[PDB]
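Visitor: just need the structure, nothing else, for what follows:
(2 chains)
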Amino acid sequence: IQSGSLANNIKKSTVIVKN
Amino acid sequence: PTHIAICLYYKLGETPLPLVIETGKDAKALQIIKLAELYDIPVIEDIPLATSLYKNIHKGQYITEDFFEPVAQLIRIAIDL
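Guide: Numbers count the residues shown, from 1 in each chain, chains lettered A, B, ... in the order given. Find the structure here:
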C-alpha cells in the first residue's frame, strides 16, 4: 500500500526516469 | 530490479543539483509510472540512467558528479516538451 506522500512527490517532480 | 522509477526534482535557486525525491522498484515503480501519467509529469525511458541512479542515489539525496551531464540533458528534454 503506497505511502501518503507518494502522490505529492510525483506531482512535485520535474521528470521521472524509468527502465 | 525488473522495474525502476526515479523521481527527480530541480528548482533553480533551491536545488543546487537535481534531487532524487522518490524512487521505486517493481510494484512501486509501476505505480510511480502510472501516477506520473495521471498527473502529467514527464516520464522518460532511459534504462542505463535509471538503473545507475537506482543503484547509486538514494531517495532524498542529490545526484553526484557522474550524473550531472546525463541528468541535465534529461531535464532539458523534459522541459523542452
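Visitor: let's verify residue B:5: helix, strand, or coil?
Guide: When classified by DSSP: H, G, I helix; E, B strand; the rest coil, residue B:5 comes out as strand.
Visitor: where's residue B:21, which helix or strand?
Guide: strand B:19-25 (DSSP states H and E).
Visitor: give me the distance between the helix or strand following that strand and the centre of its chain.
Guide: Next helix or strand after strand B:19-25 toward the C-terminus (DSSP H and E): helix B:26-38. Relative to the chain's own centre, helix B:26-38 is displaced by 12 Å; criterion: CA atoms, centre = their mean, to the nearest Å.
Visitor: how about the strands in chain A?
Guide: Under the criterion DSSP state E, chain A contains strands at A:15-18.
Visitor: coming back round to it: tell me which other helices or strands the strand holding residue B:21 touches.
Guide: Applying 3 or more CB pairs under 8 Å, 6 or more residues apart in numbering or on different chains; DSSP states H and E, one finds that strand B:19-25 makes contact with helix A:6-12, strand B:4-9, helix B:26-38, helix B:47-56. For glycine as for every other residue, the C-beta is placed from the backbone atoms N, C-alpha and C.
Visitor: which one of the ones you listed is the most hemmed in?
Guide: Highest mean neighbour count of these: strand B:4-9, a mean of 24 (counted as mean count of other CB atoms under 10 Å in any protein chain shown).
Visitor: next, the angle from it to helix B:47-56.
Guide: Put simply, strand B:4-9 runs at 80 degrees to helix B:47-56, going by axes from the mean of the first three to the mean of the last three CA atoms, to 10 degrees.
Visitor: just checking: what are the partner strands of strand B:4-9?
Guide: If you go by DSSP bridges, strand B:4-9 pairs up with strand A:15-18 (antiparallel), strand B:19-25 (antiparallel).
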